[PDB]
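Data block below; observations after.
Each answer follows from the model by the rule given with it, or from the source it names; no laboratory instrument gave them. As a convention, Cβ positions derive from the backbone with ideal geometry for all residues, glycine included, and neighbour counts pool all protein chains shown.
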Amino acid sequence: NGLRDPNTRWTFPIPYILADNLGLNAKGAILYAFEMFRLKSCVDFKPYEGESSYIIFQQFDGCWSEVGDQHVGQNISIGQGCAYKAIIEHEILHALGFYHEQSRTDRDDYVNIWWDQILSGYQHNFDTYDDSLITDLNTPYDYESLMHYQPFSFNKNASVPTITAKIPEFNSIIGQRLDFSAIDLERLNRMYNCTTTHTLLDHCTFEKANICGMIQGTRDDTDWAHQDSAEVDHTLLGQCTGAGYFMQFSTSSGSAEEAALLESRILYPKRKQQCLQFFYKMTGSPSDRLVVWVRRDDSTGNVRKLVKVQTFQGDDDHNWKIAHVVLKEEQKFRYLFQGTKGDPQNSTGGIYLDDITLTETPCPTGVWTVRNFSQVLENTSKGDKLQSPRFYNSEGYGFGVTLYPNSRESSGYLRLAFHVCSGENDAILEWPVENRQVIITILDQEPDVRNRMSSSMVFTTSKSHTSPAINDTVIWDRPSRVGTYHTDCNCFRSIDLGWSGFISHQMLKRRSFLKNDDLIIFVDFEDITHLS
Amino acid sequence: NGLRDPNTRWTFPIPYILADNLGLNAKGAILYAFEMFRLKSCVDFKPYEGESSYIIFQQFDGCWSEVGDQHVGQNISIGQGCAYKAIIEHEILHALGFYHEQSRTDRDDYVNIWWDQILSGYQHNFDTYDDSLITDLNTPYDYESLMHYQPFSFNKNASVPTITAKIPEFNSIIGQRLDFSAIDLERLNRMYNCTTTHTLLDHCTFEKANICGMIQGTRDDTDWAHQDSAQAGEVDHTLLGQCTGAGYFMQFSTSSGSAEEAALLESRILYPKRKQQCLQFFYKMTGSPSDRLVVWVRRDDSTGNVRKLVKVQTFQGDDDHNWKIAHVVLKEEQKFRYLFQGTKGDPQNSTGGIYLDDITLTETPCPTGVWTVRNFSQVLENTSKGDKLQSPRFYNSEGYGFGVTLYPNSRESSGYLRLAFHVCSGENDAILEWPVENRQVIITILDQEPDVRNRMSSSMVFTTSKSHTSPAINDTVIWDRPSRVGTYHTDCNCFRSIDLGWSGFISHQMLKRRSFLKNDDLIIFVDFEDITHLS
Ligand SMILES: *[C@@H]1O[C@H](CO[C@@H]2O[C@@H](C)[C@@H](O)[C@@H](O)[C@@H]2O)[C@@H](O[C@@H]2O[C@H](CO)[C@@H](O[C@@H]3O[C@H](CO)[C@@H](O)[C@H](O)[C@@H]3O)[C@H](O)[C@H]2NC(C)=O)[C@H](O)[C@H]1NC(C)=O
Ligand SMILES: *[C@@H]1O[C@H](CO[C@@H]2O[C@@H](C)[C@@H](O)[C@@H](O)[C@@H]2O)[C@@H](O[C@@H]2O[C@H](CO)[C@@H](O[C@@H]3O[C@H](CO)[C@@H](O)[C@H](O)[C@@H]3O)[C@H](O)[C@H]2NC(C)=O)[C@H](O)[C@H]1NC(C)=O
Ligand SMILES: *[C@@H]1O[C@H](CO)[C@@H](O[C@@H]2O[C@H](CO)[C@@H](O[C@@H]3O[C@H](CO)[C@@H](O)[C@H](O)[C@H]3NC(C)=O)[C@H](O)[C@H]2NC(C)=O)[C@H](O)[C@H]1NC(C)=O
Ligand SMILES: *[C@@H]1O[C@H](CO)[C@@H](O[C@@H]2O[C@H](CO)[C@@H](O)[C@H](O)[C@H]2NC(C)=O)[C@H](O)[C@H]1NC(C)=O
Ligand SMILES: *[C@@H]1O[C@H](CO)[C@@H](O[C@@H]2O[C@H](CO)[C@@H](O)[C@H](O)[C@H]2NC(C)=O)[C@H](O)[C@H]1NC(C)=O
Ligand SMILES: *[C@@H]1O[C@H](CO)[C@@H](O[C@@H]2O[C@H](CO)[C@@H](O)[C@H](O)[C@H]2NC(C)=O)[C@H](O)[C@H]1NC(C)=O
Ligand SMILES: *[C@@H]1O[C@H](CO)[C@@H](O[C@@H]2O[C@H](CO)[C@@H](O)[C@H](O)[C@H]2NC(C)=O)[C@H](O)[C@H]1NC(C)=O
Ligand SMILES: O=C(CCN(Cc1ccc2c(c1)OCO2)Cc1ccc2c(c1)OCO2)NO
Ligand SMILES: O=C(CCN(Cc1ccc2c(c1)OCO2)Cc1ccc2c(c1)OCO2)NO
Ligand SMILES: *[C@@H]1O[C@H](CO)[C@@H](O)[C@H](O)[C@H]1NC(C)=O
Ligand SMILES: *[C@@H]1O[C@H](CO)[C@@H](O)[C@H](O)[C@H]1NC(C)=O
Ligand SMILES: [Ca+2]
Ligand SMILES: [Ca+2]
Ligand SMILES: [Ca+2]
Ligand SMILES: [Ca+2]
Ligand SMILES: [Zn+2]
Ligand SMILES: [Zn+2]
């Protein structure tokens, strides 16, 4: 589906303008979509500085873009309801030189277009272009392509689909709005020669003979073991013996205060802040400690300087846990895991590691894990709720999320809603909390970020958000006077806002959103007033 | 004592070379002395990159410098036994253009020189120069100067002084080795036109009604009171009731109202020149154990608008109701404001509140470990010779545990305090390198003044070494792992190493001077940091 002409290609970075007719939320969502290009490709973006060709983003009616670099400059439109990661990703892919997936020259072998049922003025979104205009890039028809339309796209009658696959099962798949597909990234790579990315710096499932270039120090008491899953890893959940590998550190024998270091390869950063994401178990004593360290360049070039960054200790949950550690490395470094034995006479177990990822991105502000989700989803009635632990953002605001496993508002869908929690800082924070962008994300447990298609939704807190339940006062005002008391956290929690129909039960049982029968949700609550 | 010819003046930053015949300890001590110049003056230093005049620091015999800029480049010698802040500062003051204070043209009015006592070849250190060579910079003769010799300097006979003050009280005062005097800084500023300094960013004693430009918002519930010290049993830290109608502190009361009521006190906007700052202040918490003092930043949101909050640290009240010192690390690289939130907890269980005085903000690290010894005059009476006190265990950035030993009445040196450093066992020791090979220790007794230009804090420096060994441990390195070389203590569950330090760190008579014992308590700072990157 790529425009054949080699003259129609951008030279990176793409220069851009965000027009002031975009709201704060749309500005934020475009800047968020840019980070997905930088994480999964070598496409990059810069502010406009007098270049010949550029993108300007505007709030015109609907979502649309020109195709390819048009060398005078061009518009992307992000209309009302178009401010979403996936939809902005769809439009920037047009500007990069892509047509829709149904616009391939071979598409008639794969789909039906029901021509009578398209709304007038939209028929060109269902046209096909001849092989002089477009190229296959040696790739098949990707029904999961972000550039494909959903069945009910610009239809006359809501009961009748405009587009269907010639095999009916794919009607459940066509027109996903999660993320870039694997073949969409492969096509974008094949068009622009990217193979590296700007912000994926390391990843390790431990399934290599060199263990991803990790090493172990002599200046410790013991070693971590490369463990055969023959007690199962996180990458494959024990699908076969010797297929999934992990690092294990036993704590059931020896002295207390014995330890082992696992050190990464040396890493060269391109940004000032990194996020280390990893999965772990702690089945041993409550006094065992998994400690994360950095060993960094001393400014001579010798990577020999230790810094302790975080400590983890064992509760009564012995299942796999996700961990996020903020690093702040600006010179070459190695990240380190120290496992420490404590009370071996009261440990029947140890420390486990798998599925490490390192990105040059922020770590998520709040993480909620809901266990046994496929059982919770049957045990919970329509409109019954789960509520998160309270989270604090960088500004000190308390927040949380409400999850309704069965939405009364849309059957066969999940409903996620954000709320503000009362917290220890409230007495000095500004109220109502507005111009704060909420990004809720349901993670794809893929340890490689080029494979992930995480669901995400975005909104910005506004003075327009009001409810009759609080006498038409702002939902985001101080929780002690616009919220209700909960014994689970001793909080007041606001009225909750978000999406009925966030993700379907038929989507959630796919793409590893439930990899160990558990759901992981990321929440960012951050001020975007500086985009005004 | 300054050189009169303006062609002898430097252009800043002064380019320098640290020669490899300096050991690590000496190189690290020189860089520490440059920080003291950047903290108290506008003098600055850069690594050499091919300039015409520069200073090369080397280890030769004795400790010496040429006087003023020699336009082709010049040596400073830093010999064995001269890796000390005050000695390095004294040599740098020679290179900047100063002679000794006993070399002033008027010196005969203030001191006697005993020439027949001077060791051969050292007598030129005692020469006086004429008013055509040297300026007084319109300053009086300073007995407390860093450029003045001690009585027993280059003397043939250990019992007989080479130099004495004409008024005998000053024989106990001449030859101080603390820091720059107030007059030495005034001379350096007059010679080089300094007004600002590179590293002092703010300070506040609250003595003016303007409260150093601090403001109080209305997004909080209440206000901090600017409180007068005219109440019995409550005073400020700056003057401690010495001075009627004079000493002010901020007070936030917690004995009435609702719980979780708060007040914000907020600084003026600050433009940091570095990436890291240290906020030092003094406080009391006489209220409920549930009261909080919280330090915050409000920083530029990248639009030029200072409206972005970050919480930095929290403080809570134990059973000590006297003034406590606090240090907070800030890492600001754009314009910002530092903020104090006082918070009420349990007003039905409070008869007091939160107190603030003596704020200082510098573009430096914070001290790695801080020890306060309370009632020090009474400790100094009630402790026998060679009995000891030991600090809580500190941890450095690399995760090594360390502490300090204080012997208030030193047996080895009568009329002196002995202060020493040890490595503590700690939770990281299993993965750290042993023995410590090249970590510099800096120990400082704080002269308690809120303006850093008024402080003469006593400091000592050494570097941990393979050569530090004891017969008590079969001639093994003192800095090997504390569980194999140290003795167990019930006081912290640590093993503490053999200590290394200075009998004669400071005299009892020096300690009862200036602001070393301000509220009858002693404050010791410690830093313990790797200098291998200078090799
Ligand atoms: C020994 O370690 C156990 C936990 O370790 C587990 O059991 C060992 C025998 C080994 O098999 C280990 O591999 C295994 O991980 C400690 O027991 C724990 O004690 C804590 C503190 O009392 C308990 O937490 C409390 O739980 C109660 C409810 O039961 C709550 O009301 C409290 O608020 C609090 O959360 C914890 O539940 C308990 N866990 C278990 C599984 O027993 C034990 O204390 C420790 N003993 C020694 C000698 O240190
Ligand atoms: C009420 O607050 C007091 C302390 O506050 C003081 O007294 C109030 C009536 C007011 O006049 C305040 O202005 C004043 O500051 C609390 O008492 C303290 O409780 C702590 C914690 O239990 C005690 O610390 C312990 O001390 C024992 C030894 O005695 C140690 O073994 C423990 O490890 C621990 O350190 C502290 O001694 C005690 N102090 C006093 C003065 O009694 C009191 O708990 C609090 N009550 C309520 C309702 O919160
Ligand atoms: C602090 O500021 C002072 C001025 O307020 C400086 O003093 C000036 O130094 C100049 C040299 O840098 C002098 O100029 C010289 O004057 C002599 C005669 O005195 C002439 O022979 C020289 O040719 C001439 N040189 C130049 C370069 O012009 C100024 O006369 C002198 N002014 C005063 C009032 O003394 C200090 O040097 C300065 N200190 C530092 C180092 O910052
Ligand atoms: C984006 O579309 C706008 C119209 O909505 C374009 O603005 C017009 O540009 C033409 C050609 O320069 C002018 O004749 C019109 O007067 C403009 N109209 C308005 C409303 O400004 C804009 O040029 C497009 N962006 C680019 C660079 O392609
Ligand atoms: C949309 O299509 C549906 C399905 O064809 C239409 O529903 C039918 O309406 C006719 C009358 O027009 C009835 O005779 C059928 O029984 C209905 N079928 C069903 C399944 O309901 C509907 O009328 C159409 N609506 C529009 C907008 O034309
Ligand atoms: C500063 O020290 C250096 C290193 O010692 C001196 O360089 C040599 O010094 C020796 C001993 O005085 C002389 O024999 C050599 O002829 C010197 N070589 C040169 C000229 O580099 C240097 O002379 C000293 N003096 C200064 C101020 O540079
Ligand atoms: C240093 O000076 C002292 C004091 O003058 C000397 O001590 C005297 O020594 C002489 C003999 O040489 C005795 O007769 C005196 O009684 C001593 N006086 C005192 C007060 O002890 C000392 O010998 C000198 N030492 C040196 C290095 O010459
Ligand atoms: O065709 C268009 C329209 C924009 N958009 C297409 C689309 C977006 C993401 C996709 C996708 C298809 O399939 C995979 O993921 C659909 C759309 C969404 C919200 C709207 C809206 C239209 O109108 C206002 O609110 N422009 O390019
Ligand atoms: O005169 C000299 C000598 C250097 N130094 C002078 C001096 C230093 C700091 C001062 C001070 C005087 O009075 C206030 O503070 C004395 C000295 C110290 C240690 C030594 C040593 C000599 O020899 C080896 O070990 N050069 O300039
Ligand atoms: C999940 O189900 C398992 C049994 O399959 C049970 O042992 C475990 O306690 C459950 N965990 C939660 C959090 O419900
Ligand atoms: C100092 O002495 C006073 C009594 O004069 C006592 O109340 C206080 O606790 C002492 N402080 C310490 C810990 O030395
Ligand atoms: Ca694995
Ligand atoms: Ca090892
Ligand atoms: Ca106020
Ligand atoms: Ca004061
Ligand atoms: Zn499209
Ligand atoms: Zn000198």
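Residues are listed down the side, and each one gets a yes or a no for (1) over 25 Å from the mean Cα position of the chain (by Cα); (2) of a type in the set (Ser, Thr, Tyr):
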{"site": "B:283", "(1), (2)": "no, yes"}
{"site": "B:287", "(1), (2)": "yes, no"}
{"site": "B:291", "(1), (2)": "yes, no"}
{"site": "B:299", "(1), (2)": "yes, no"}
{"site": "B:304", "(1), (2)": "yes, no"}
{"site": "B:307", "(1), (2)": "yes, no"}
{"site": "B:312", "(1), (2)": "no, no"}
Looking at region A:226-246, can you tell me whether even one residue there is within 14 Å of chain B (Cβ to nearest Cβ), assigned to a loop (DSSP other than H, G, I, E, B) and surrounded by 14 or more Cβ atoms within 10 Å (Cβ to Cβ)? no
Would you be able to tell me the number of residues in region B:198-225 that are in contact with an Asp or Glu (Cβ under 8 Å, 6 or more places away or on another chain), under 30 Å from residue B:365 (Cβ atoms) and assigned to a loop (DSSP other than H, G, I, E, B)? 5
Would you say residue B:411 is in the same structural domain as residue B:528 (by CATH), basic (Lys, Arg) and in a loop (DSSP other than H, G, I, E, B)? yes
Lone unmet requirement of (1) over 16 Å from residue B:496 (Cα atoms); (2) more than 14 Å from chain A (Cβ to nearest Cβ); (3) not basic (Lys, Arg) for residue B:423: (1)
Subset of region A:187-239, residues within 16 Å of ligand 13 (Cβ to nearest atom), among the polar types (S, T, N, Q) and touching a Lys or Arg at 6+ places or on another chain (Cβ under 9 Å), comes to A:222
So which residues in region A:505-532 are within 14 Å of chain B (Cβ to nearest Cβ), buried (at least 16 other Cβ atoms within 10 Å of the Cβ), assigned to a loop (DSSP other than H, G, I, E, B) and not β-branched (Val, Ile, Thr), if there are any at all? none
Among the residues that make up region B:374-387, is at least one of them more than 30 Å from residue A:305 (Cβ to Cβ), β-branched (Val, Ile, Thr), in contact with a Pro (Cβ under 6 Å, 6 or more places away or on another chain) and not in a loop (DSSP other than H, G, I, E, B)? yes
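Yes or no, residue by residue, for (1) closer than 20 Å to residue A:150 by Cβ; (2) of a type in the set (A, V, I, L, M):
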| site | (1), (2) |
| --- | --- |
| A:44 | no, no |
| A:48 | no, no |
| A:69 | no, no |
| A:85 | yes, no |
| A:97 | no, no |
| A:113 | yes, yes |
Between A:380, A:369, which is more than 25 Å from residue A:233 (Cα to Cα) and of a type in the set (S, T, N, Q)? A:380
I'd like to verify a number: residues in region B:299-318 that are under 23 Å from residue B:286 (Cβ atoms) and within 11 Å of chain A (Cβ to nearest Cβ), how many? 1
Flag if residue B:312 is part of a strand (DSSP E or B) and in contact with a strand residue (DSSP E or B) (Cβ under 6 Å, 6 or more places away or on another chain): yes
Can you tell me which residue among B:407, B:400 is within 12 Å of chain A (Cβ to nearest Cβ) and not hydrophobic (A, V, I, L, M, F, W, C)? B:400
Please indicate, with yes or no, whether at least one residue in region B:323-346 is within 19 Å of residue B:222 (Cα to Cα) and surrounded by fewer than 18 Cβ atoms within 10 Å (Cβ to Cβ). yes
Please identify the pairs in which a residue from region B:277-298 that is within 14 Å of chain A (Cβ to nearest Cβ) has its Cβ atom under 7 Å from the Cβ atom of a residue that is among the basic types (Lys, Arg), counting only partners at least 6 apart or on another chain. B:291/B:344; B:294/B:311; B:296/B:311; B:298/B:307; B:298/B:308; B:298/B:337
So, residue B:54, is that one over 24 Å from the mean Cα position of the chain (by Cα), more than 14 Å from every other protein chain (Cβ to nearest Cβ), more than 16 Å from ligand 12 (Cβ to nearest atom) and surrounded by 17 or more Cβ atoms within 10 Å (Cβ to Cβ) or not? yes
I'm checking my understanding of the structure. Among residues of region B:247-276 that are in a strand (DSSP E or B) and within 14 Å of chain A (Cβ to nearest Cβ), which one is surrounded by the most Cβ atoms within 10 Å (Cβ to Cβ)? B:252
Residue by residue through region A:414-464, note down the ones that are crowded, with 20+ Cβ neighbours inside 10 Å, part of a loop (DSSP other than H, G, I, E, B), more than 18 Å from the chain's Cα centre (by Cα) and of a type in the set (A, V, I, L, M). A:433
Inspect all residues belonging to region A:365-385 and state whether any of them is closer than 30 Å to residue A:262 by Cα and polar (S, T, N, Q). yes
